[PDB]
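# A look at the structure
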Amino acid sequence: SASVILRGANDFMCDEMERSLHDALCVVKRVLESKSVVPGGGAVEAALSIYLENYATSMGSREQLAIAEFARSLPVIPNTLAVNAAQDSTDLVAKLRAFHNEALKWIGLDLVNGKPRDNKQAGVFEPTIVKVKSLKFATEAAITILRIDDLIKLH
Amino acid sequence: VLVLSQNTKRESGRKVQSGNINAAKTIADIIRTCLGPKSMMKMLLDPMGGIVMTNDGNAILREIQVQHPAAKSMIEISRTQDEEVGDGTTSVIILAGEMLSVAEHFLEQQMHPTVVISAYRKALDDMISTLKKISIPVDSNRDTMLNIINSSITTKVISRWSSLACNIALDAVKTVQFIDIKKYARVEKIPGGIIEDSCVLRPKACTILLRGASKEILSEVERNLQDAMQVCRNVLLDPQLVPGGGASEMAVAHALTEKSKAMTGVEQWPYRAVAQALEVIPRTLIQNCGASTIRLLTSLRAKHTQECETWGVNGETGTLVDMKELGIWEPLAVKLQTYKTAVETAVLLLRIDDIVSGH
Amino acid sequence: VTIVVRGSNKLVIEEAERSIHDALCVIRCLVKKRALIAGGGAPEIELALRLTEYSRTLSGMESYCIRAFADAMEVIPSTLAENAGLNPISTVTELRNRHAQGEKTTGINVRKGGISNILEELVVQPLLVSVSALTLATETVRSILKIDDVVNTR
Amino acid sequence: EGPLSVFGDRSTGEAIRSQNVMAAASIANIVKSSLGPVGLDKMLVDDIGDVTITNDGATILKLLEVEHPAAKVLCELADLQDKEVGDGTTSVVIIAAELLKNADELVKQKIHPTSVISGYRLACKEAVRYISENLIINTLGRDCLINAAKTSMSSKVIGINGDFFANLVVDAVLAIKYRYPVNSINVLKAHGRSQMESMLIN
Amino acid sequence: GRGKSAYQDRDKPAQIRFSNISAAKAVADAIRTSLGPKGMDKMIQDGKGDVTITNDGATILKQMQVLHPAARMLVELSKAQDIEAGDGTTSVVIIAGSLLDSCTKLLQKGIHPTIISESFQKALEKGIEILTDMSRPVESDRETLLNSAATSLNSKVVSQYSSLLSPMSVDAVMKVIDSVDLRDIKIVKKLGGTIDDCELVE
């Protein structure tokens, strides 16, 4: 347990600083949970994008386009990050790919600055377990909705 | 498809900045006129034949049934500001509205919020340092305190006997001053007679015994006295005071603008936008006088940048005069919090890009 | 007998009950019938083929209808390839041919994208399920095909 | 026939699978703007009038009046994602919708959903492997946490002093972090003194 | 004029036959999308609200309010097929809708409904013959018994313990073989331990 005494000239200050004290309270944790980790910013998704893009070309059959699209539904993460960070998605997104296959994996999007930066060197690391669950859940989420041909909710 | 419960409106992106900003801007222009000694008290008539005549922005926002959340947050801005000191309730509202009015413009030029807000939050920090870099430090001291408390009783129903109320507030605050506590001054209002038959009752906590011919008049003598005590509570925490009449706003403005060209970049515009926004105070001010706002603004910044900051808008003369010479001073705290409460609100308000309601 | 099904999770046990229930049904159908066929479209096409021939030989309205009857069997395999991604029509005719060259077991492996020997794929169903299927629905089709009127006041 | 009388749902054919996409779309895009250090919070004000301004996608999907069943699936993802790791709750909802949209394309091409599903499965297993082969296995680091702490507070009311706290944040975690129990870091808020004296009882 | 009771339906030969075929075929193509190991589930939320997501045709038709009679016929096939074999309950319906589909053509041509009913029946006799004529005749033998019990417990959640559920299913029947009666095989789901501890009480 603990007891972080948070002061504040105004309750309105103690409320946002308490919500901020919880932000880096869960970041410092994910960084030490599990040895396996990955450089955020979009690097990860970027890698899988190109790699899976090649995987589709090696599989063939309907699974070629099925995997291709998948590799196109991954770079959406860094694409949005740039959009919500006041950066031109298309630019960074594309620039990320080139800088993702030149300076290796450790190349993601640093919304703070707004340019493909070495998240590994920067310190941006997230427990791989998060990535796994993210994909797993999201994936299973689709299969189900695609498995729906008709329903019956009724008032 | 019904992604979310039927009839649940959901503004997104640009559709949010519009409906949110304007709504707040509009509500800020409503009580706007109720600014200055030339205030235009509206006669609020609730949907039942009611008749609410008032000048205070808060009291007005608490009578006008609002439906849009954006305008509701405003009524909350006047709720916090009005509780702290009291007056200036319209100030914080007008500013918060303008900031959004000047922001939306930049949105037209397609200036992504991230950049804007960033400049807003930082600009907010500038005003604070500015306010302190030009405040006039005045003395406790019974004499001074009186003047401060007096200026806080010269606009209400208690102004009739402000002098008396002042000595009462001065004593009640100077006695319960250990940081002074605003919970050690008991107010015992008793209907009957004139507010002139009052007397502070003494003590780690006195018992001020007010008097009021009526029931509404007696409660008013309690509130104004409490506010008269507040300013005194500020001279104990914020012994600083800056010239009113807009003199302040103009300074911070001329300063911020200058800083804009020093910072350059995309945020070079917002800086000015905030400075130009502070100009509304002296603008709307002179407006309540029927004088030329524009013309005044010109001559204002004119003699202002040339001869110190001691110049301000003289509503009684419809011209620019040395506030300091006229003896027009406003507690730095008054202004200090204003800019703060304002910018802050506007900031997070600009972060709102969607609101899940029901209809 | 009394099968006691005790497990940790209810959804796990309830599934054990249901599944075992099916593990018995197929057996209870195997007692009054000790036969098993490769289920997967093989038996449907096999019939659709024989019946069709049973039509040309019989001739007349008999033949026409029968061919139609058999063609109605082609729906079983078609849906399979359909709910698998494979081209229904193409996959069927593909099976019809290999069904004449291969064996009755020749069915459609909705997990390989093409024809294959179901008997070697470990896919067989008791002859009862089949036999019944044809009889159950067939009689019905005849029970409502006779009803020349449906007036029951109000 | 008159199966389900008045007041009865049931969507079939393309009319439904489509509705599901748009259903997941609108929902996705919603919390889509709440990811990143510059997250754009929202003000969830339910029926009773209670105002709730949050940034977390999960809390948003749990307070969002949703009617369509499919859209509720995303709320479940935000739930599973929140009770397993926390952040990234919006990501799972964003990638979910995209996968659907990219699929529709293959659909309007005559590729039965089954074929597509089998594609997201094998791709999934592989996409994860490609991640496992590039898994930085470190042992926690401080120097990195403070930066993700100073920039996570620079957009609110605690940005002015986002430093003093950022430290108090990387300290409270690493201190009571094994699995970091959040129920161990109480944030007692009290009025008085500026936010500069904010201490962390060690 | 006034020979029928106020508010009354009177479908004639050509009129009635049409409705029936429609109702049925419509119900068939409804569950014809859940057939197969890759079938699609259907959330059956009745009035009360208790949803019933099932893939089995029978369970689907038994939860669906059916107003028209002709389509109720199919609900009877699913039930019967599920009590006379268990699986393939979705097939009997689909095929039924097909047999009706092809015959209609004949009707709209000039073939009396009776002749058709006689023909189809004749093909049925031939169908059952061939099918059974080529079925692999199996053996009492506990071996073949564990084959219809194992390959029938897979694809489900019990597959994890099918190697144990099969033997019990064989001993449960091997005893009730007075023909086997499923009423002598009392099943009771208890909460304790795991499915691997299950036991068959004689």
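This entry lists X-ray crystallography as its structure determination method and reports a resolution of 5.5 Å.

Chain D is annotated in the PDB entry as T-COMPLEX PROTEIN 1 SUBUNIT ALPHA of Bos taurus. Under its PDB header, the title given for this structure is "The crystal structures of the eukaryotic chaperonin CCT reveal its functional partitioning".

You'll find chain B entered in the PDB entry as T-COMPLEX PROTEIN 1 SUBUNIT GAMMA, with Bos taurus given as the organism. Check the Subcellular location section of the UniProt entry for chain B; it says "Cytoplasm". Per UniProt, chain B has the following entry under Sequence similarities: "Belongs to the TCP-1 chaperonin family."

Okay, the overall build of chain B next. Secondary structure summary: chain B contains 14 helices and 11 strands in total. The C-alpha radius of gyration of chain B comes to 22 Å, within 12% of the 21 Å expected for a compact globule of 359 residues. Here the C-alpha coordinates of chain B stretch approximately 65 × 55 × 40 Å along the principal axes. Of the roughly 16,900 Å² of accessible surface on chain B, 54% is carried by carbon and sulfur atoms. In chain B, 40 positive and 40 negative side-chain charges are present, and the distance between their average locations comes to 2 Å.

Strands sit in the order 4(A)-1(A)-3(D) across an open sheet of three strands; the sheet is antiparallel. The sheet terminates laterally at strand 4 (125-127) of chain A together with strand 3 (136-137) of chain D, the two strands that pair on one side only. Pairing of strand 1 (residues 36-39) of chain A with strand 4 of chain A involves three bridges; the strand directions are antiparallel. Counted as the bridge partner of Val38 of chain A is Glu126 of chain A from strand 4 of chain A. The strands touched by helix 8 (residues 128-146) of chain A are strand 1 and strand 4 of chain A; relative to strand 4 of chain A, the strand with the most contacts, the crossing angle is about 65°.

Turning next to the interface of chain D and chain E. Taken together, the contact between chain D and chain E spans five residues of the former and 10 residues of the latter. For the pair chain D and chain E, the summed buried area comes to about 630 Å², and 65% of that belongs to carbon and sulfur atoms. Among the residues chain D hides against chain E, the three largest losses belong to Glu1, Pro3 and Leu4 of chain D. Together they make up 63% of the total. For the interface between chain D and chain E, the tally reads one residue pair in polar contact. Per-class residue counts for the side of chain D that touches chain E are two nonpolar, two polar and one charged.

It is worth spelling out the pairing of strand 10 (residues 319-322) of chain B at this point. Residue and element names in this part refer to chain B. Side chains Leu320 and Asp322 of strand 10 all project onto a buried face; the interleaved residues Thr319 and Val321 project onto a face where none is buried. Strand direction decides the pairing type here: strand 9 (residues 311-314) and strand 10, joined by four bridges, are antiparallel. Its bridge partner lying in strand 10, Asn314 is registered against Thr319. Taking the residues that link successive antiparallel strands as the turn, the strand 9-strand 10 hairpin has four residues, and the phi of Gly318 there is positive, at about 55°.

This part takes up the packing of aromatic side chains. Taken as a whole, this structure holds four aromatic pairs over all chains when the rule is applied. When the centroid spacing of 5.7 Å and the interplanar angle of 85° are considered together, the rings of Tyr51 of chain A and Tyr130 of chain D count as edge-to-face. Taken together, the residues span two chains, with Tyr51 of chain A in helix 3 (residues 43-59) and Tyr130 of chain D in helix 5 (residues 113-132). Judged by centre distance (5.5 Å) and plane angle (80°), the ring pair of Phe178 of chain B and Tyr184 of chain B falls under edge-to-face. What makes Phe178 of chain B exposed here is its relative accessible area of 53%. For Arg272 of chain B, the ring lying beneath its charged end belongs to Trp269 of chain B, and the centroid distance is 5.1 Å.

So, about the environment of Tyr339 of chain B. All names here are of chain B. One can find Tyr339 in helix 14 (residues 332-350). Overall, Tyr339 belongs to the buried group, its relative accessible area being 3%. The spatial distance from the C-alpha of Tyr339 to the C-alpha of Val221 is 29 Å, given a sequence separation of 118 residues. Once residues lying within four places of it in the same chain are set aside, the contact partners of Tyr339 are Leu95, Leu124, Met127, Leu131, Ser248, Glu249, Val252 and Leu278.

Moving on, we get to the interface of chain A and chain D. The figure often quoted for interface size is the accessible area lost as the parts come together. Each partner contributes residues to the interface: chain A has 89 residues there, and chain D has 111 residues. Between chain A and chain D we count five salt bridges in total. Of the charged contacts, one joins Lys177 of chain D and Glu33 of chain A as a salt bridge, the two residues approaching to 3.3 Å between their closest N and O atoms. Where chain A touches chain D, the interface holds 29 residue pairs in polar contact. Broken down by element, the side of chain A that touches chain D gets its largest block of residues, 16 residues, from helix 8 of chain A. Its residues assigned to classes, the side of chain A that touches chain D shows 52 nonpolar, 15 polar and 22 charged. Pairing analysis gives two bridges linking strand 1 of chain A to strand 3 of chain D, with the strands arranged antiparallel.

Right, let's get into the UniProt feature "binding site: ADP" in chain B. Residue and element names in this part refer to chain B. Annotation from UniProt places "binding site: ADP" at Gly36, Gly88, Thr89, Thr90, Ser91, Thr155, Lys156, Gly245, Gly315, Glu316, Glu330 and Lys335. One can find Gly245 in the loop between strand 8 (240-242) and helix 9 (247-263). The class for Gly315 is partly exposed, based on a relative accessible area of 23%. When sequence neighbours within four positions are dropped, the list of residues in contact with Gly315 reads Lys38 and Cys289.

Rules used throughout
- Residues numbered from 1 in each chain as written, not as in the entry; some residues may be left out.
- Chains lettered and ligands numbered in written order.
- Part of a larger assembly, values for the part shown.
- Heavy atoms only, no water.
- UniProt positions renumbered as here; feature names shortened; annotations may be inferred.
- Helix = DSSP H or I, 4+ residues; strand = E, 2+ residues; numbered from the N terminus.
- Rg over C-alpha atoms; globule rule 2.2 N^0.38 Å.
- Areas by Shrake-Rupley, 256 points an atom, 1.4 Å probe, with all protein chains shown as cover.
- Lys, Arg positive; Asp, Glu negative; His and termini not counted.
- Charge placed at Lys NZ, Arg CZ, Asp CG, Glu CD.
- Pairing = 2+ DSSP bridges.
- Contact = heavy atoms within 4.5 Å.
- Axes fitted to C-alpha atoms, helices over the stretch in contact; angles between N-to-C directions.
- Buried area = accessible area lost by both parts, 1.4 Å probe.
- Polar contact = N/O pair within 3.5 Å; in protein donor to acceptor, adjacent residues only side chain to side chain.
- Nonpolar A, V, L, I, M, F, W, Y, C, P; charged D, E, K, R; others polar.
- Buried < 20%, exposed > 50% of the residue type's maximum accessible area, 1.4 Å probe, protein only.
- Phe/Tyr/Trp six-rings, centres within 6.5 Å; stacked < 30°, edge-to-face > 60°.
- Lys NZ or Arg CZ within 6 Å of the ring centre and 35° of its normal.
- Salt bridge = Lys/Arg side-chain N within 4 Å of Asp/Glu carboxyl O.

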